[PDB]
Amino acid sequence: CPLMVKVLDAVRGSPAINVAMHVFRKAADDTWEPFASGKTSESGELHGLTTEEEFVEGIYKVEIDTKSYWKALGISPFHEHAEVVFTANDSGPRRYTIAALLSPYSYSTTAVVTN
């Protein structure tokens, strides 16, 4: 599993469950092409987005639909979404864990990159 995302809710102190996200890869013509998508599980985790063979060098974008998450809890948040944009695998294949911590007016994202 070369790409995993974990999302946490800083207001309730819980995993952020059923959070949708879309992954894009920058194409040759400088456009964002859809690549994968899914929703976080009861543990706040989204696995199985891609495979080693499919996850080639490139620039990737993870767009996390934080607004729909907060609206479902009755909170009108600041951000439309949380976007993580990064170059992947340019020194060789790596495993990426993207962690996102959500508040209505704030978010933090961090990457753990292992071999």
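Quick note: we count residues from 1 along the sequence shown, nothing fancier.
Student: Taking only the CA atoms, which stretch has the higher mean B-factor in the record, 25 to 33 or 64 to 72?
Tutor: The deposited B-factors put 25 to 33 ahead on the C-alpha mean.
Student: Quick one: say whether 87 to 95 or 103 to 111 has the higher mean Cα B-factor in the deposited entry.
Tutor: Mean CA B-factor is higher for 87 to 95.
Student: Quick check for you: using the entry's CA B-factors within this chain, is residue 58 in the lowest, middle or highest third?
Tutor: Answer is highest: the recorded C-alpha B-factor places it there.
Student: C-alpha B factor of residue 51, ranked within the chain: lowest, middle or highest third?
Tutor: Within its chain, residue 51 is a highest-third residue by C-alpha B-factor, going by the deposited values.
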